[PDB]
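We begin with a single chain expressed as structure tokens, specifically the form deposited in one PDB entry.
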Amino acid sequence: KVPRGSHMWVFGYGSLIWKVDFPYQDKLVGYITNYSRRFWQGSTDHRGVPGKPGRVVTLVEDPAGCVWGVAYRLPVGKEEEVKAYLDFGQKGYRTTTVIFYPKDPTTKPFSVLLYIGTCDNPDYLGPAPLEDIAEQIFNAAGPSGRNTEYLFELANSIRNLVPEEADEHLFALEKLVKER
């Protein structure tokens, strides 16, 4: 099309795939490499509560990893302001820039903003057997709804975008909770 004077894309890997409250003027299905998506982050403000946390996704460095999701272009001339809105909502998350590979075989890979949760983050739980993650999810609910709803919306979304092979961790957990 016609060149724009500015560009900023943010990569969505969690709830951003099905729910965005910020404005965007394009979105593309694709993946990033060198990270894996893990249910190793506590939720005490959305999908659980203090004393009974939920498990939501967090990205971990994984050289052989990939994360399928959605990149969202921030509105041209409004990228910095919209970034700020994201940056001051991040209970914190660090930012980096990674190559995003569009699912489409017509659009070239490009640099996207990536929000990464820290080990320094107080809600971080860390790894746990998948049986124990699914139990937690089944039982957890927060101010934004059941932890189960989160997992099923993420699983349904990624399934609508790519085969299930695209994320074994997610689909083990999903089909896992489904057992209840």
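Numbering starts at 1 and follows the sequence shown. Throughout, rigid core stands for the largest set of C-alpha atoms superposing within 1.5 Å between the two forms. Only residues modelled in both forms are compared.
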What size is the break between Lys91 and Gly92 in terms of deposited sequence residues left without coordinates: none, 1 to 3, 4 to 9, or 10 or more?
1 to 3
Regarding 115 to 123 and 139 to 147, which shows the higher C-alpha temperature factor on average in the entry?
115 to 123
If you take the mean CA temperature factor per stretch, which one wins between 127 to 135 and 24 to 32?
127 to 135
How does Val10 rank on Cα B-factor within its chain, lowest, middle or highest third?
lowest
Comparing against every modelled residue in the chain, figure out the third that the C-alpha B-factor of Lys108 lands in (lowest, middle or highest).
highest
Ranked by Cα temperature factor within the chain, is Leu16 in the lowest third, the middle third or the highest third?
lowest
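Keep in mind the form deposited in another entry is missing from the figure; the text below concerns it.
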Taking the rigid core as the reference frame, tell me whether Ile99 has a CA displacement of 2 angstroms or more between this form and the one not shown.
no
Is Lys83 displaced by at least 2 Å at its C-alpha between this form and the one not shown when the rigid core is overlaid?
yes
Is there a C-alpha shift of 2 Å or more at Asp21 between this form and the one not shown once the rigid core is superposed?
yes
Give me the residue ranges between this form and the one not shown where at least 3 consecutive Cα atoms each move 2 Å or more, fitting on the core only.
20 to 22, 76 to 89
